[PDB]
Each structure stands twice: as structure tokens, then as C-alpha cells.
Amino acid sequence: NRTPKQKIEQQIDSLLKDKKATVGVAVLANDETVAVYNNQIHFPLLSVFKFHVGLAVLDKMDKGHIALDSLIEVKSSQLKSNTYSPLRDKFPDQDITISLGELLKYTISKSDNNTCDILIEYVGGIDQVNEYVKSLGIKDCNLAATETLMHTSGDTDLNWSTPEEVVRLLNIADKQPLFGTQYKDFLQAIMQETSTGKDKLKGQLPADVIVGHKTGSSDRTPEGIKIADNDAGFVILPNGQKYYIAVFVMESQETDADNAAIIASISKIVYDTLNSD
């Protein structure tokens, strides 16, 4: 006879006992934190911060009545070849015109680094993104780097959050009228369309469960330590209710497959608990 929180907590602790990593978890449902794990730790976000960028972009667009399909010019110089960029790969060695919506899709759904940094520049810099997030009451987070800055400096600690602040942000984006409904609908959709990390939150869930999420991952050192391996998003239960989950695997000696499986196993514990309840 245990609460959903207690069951999740117990199962996570048992799963992680012998894992060589520091894992953070938060789960939020019905405007209430359901469970946490290592919630006091400041986790490097890696590409999870592209969600925060996207919110700041949608806010700016909404304020200006900017349409999702409106085309902007992107120079070849903004589509650098030294970083992961599915957009550059598709349209190499050329200037383009591309919609803000499509830039958002490449950033969130595909994790493109060039489009991320184009969108950060659109909003006026990372400090503007940081200020936006803090203006929503998110406290235990800071965003101080573009993708470029993290790549040139190596300082992946510059964008960090506790697990709970990420799920709180996801829930605010769903619940609050941050921007017009067309912008909310688009964000939810592109979140569902994410193609990276299908073996993370989604990895052990039934195939028909809808998950909208944003991945992140760091490099791994020659000594074998992977600084970060993350996934965060929403999961739609069979009654249509969402819950929000963030799993951050930091300073891990586990393999890539095993890190993803930690996330997938935590996600399945949470899903089965909330779906049974």
C-alpha cells in the first residue's frame, strides 16, 4: 500500500543502485510534482535548452503577430559545417529562405545546432532567452551559452537546470496562455515529431503512446565519461491527460545504449505507475 510517488521513488532507487552515473528525475502531473530524484543537482541541459529557446522565439513571434510560415533569409555563413545540422546537410553551400516554423522544427525536432543559434540571435541573444524563462518564475536554471559558445569553450555547464524546473516549464507551456493557440499547437506538434532519442523516454513504452520531447547529449571523454545524456517532455496517458517528465543522466561511465536504457526504464516505471493509478 504505497502512493504513486513512493512506488516511483522505490523503483528508481532500485534501478540505479549499481549504475555508474548521477541521475536526476522529475515528474509533474495535474499541476503537482509527483516525484523527484536528485532534484537539488544542477544538471547540464545540453540540447534540452532548445526547448527554452523555442519558447522565447514563440513569445517574440506572438508579440509581433509573426506568422509561423513567414520566410526569412539565412546566409550560408550561418549554416556552419563544423556542427550538427540536418538543415545544412540538406541545403549545403547556399543561402536560403526558410520559415521561422521550419527553423523551430529543425531546432526542436531534429536538434540542429545552426538553427538553434539562428533562433537565439532572432530573439536577441542567450541573455534574452534566460530573461524570458526567469520571467515565468523558473528559478533554479541558468542559460548563458549558445551552441557555438559551448562548442568553442567546452563549457557545457553554462546552461543548467534542476529536473523539476524543466517539468515546471513544460507544464507552464501547456497550461498558461504564453502565446496564441496556433503557436501552442505548433509547439506541441513539433515536440511530438522529434526524431532523436527514440530509445530514451519512448524506448520501452508501447508504440502508440504519444510522447513530445527534447533530447540532449554531450561528448564522451577518452577516459569514458559522458557528461550528459538527457530527455524531457510530455507523455499522453490513455485518458488524454499529459504528464511531464525529465530524466538527466550525468557524469556517466555507462555506454550510450545503457544510458538510454536508464532513461527508458525510468520512463516505463513512471508510465506504468501513472497509468495504473
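In case it trips you up, residue 1 is the first one in the sequence shown, and so on.
Visitor: Can you tell me which stretch has the higher mean Cα B-factor, 76-84 or 198-206?
Guide: Here the higher of the two C-alpha B-factor means belongs to 76-84.
Visitor: Which is higher on average in the deposited entry, the C-alpha temperature factors of 148-156 or of 186-194?
Guide: So the stretch with the higher mean C-alpha B-factor is 148-156.
Visitor: When you compare the CA B-factors of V27, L45, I225, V235 as listed in the entry, which one comes out on top?
Guide: Each of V27, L45, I225, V235 was compared by C-alpha B-factor; the highest is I225.
Visitor: From the list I108, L143, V123, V167, select the residue with the highest C-alpha B factor recorded in the entry.
Guide: When the deposited C-alpha B-factors of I108, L143, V123, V167 are compared, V123 is largest.
Visitor: Lowest, middle or highest third: where is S161 by Cα B-factor in its chain?
Guide: Lowest third of the chain for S161's C-alpha B-factor.
Visitor: Using the B-factors in the PDB entry, rank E32's C-alpha atom against the chain and give the third, lowest, middle or highest.
Guide: Tercile = highest for this residue's CA B-factor.
Visitor: Ranked by Cα temperature factor within the chain, is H52 in the lowest third, the middle third or the highest third?
Guide: Ranked within chain, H52 CA B lands in the lowest tercile.
Visitor: Going by the entry, which third of its chain does the Cα temperature factor of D219 land in?
Guide: Its C-alpha B-factor belongs to the highest third of this chain's values.
Visitor: Based on the entry's values, in what third of the chain does the Cα temperature factor of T273 lie: lowest, middle or highest?
Guide: CA B-factor rank for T273: middle third.
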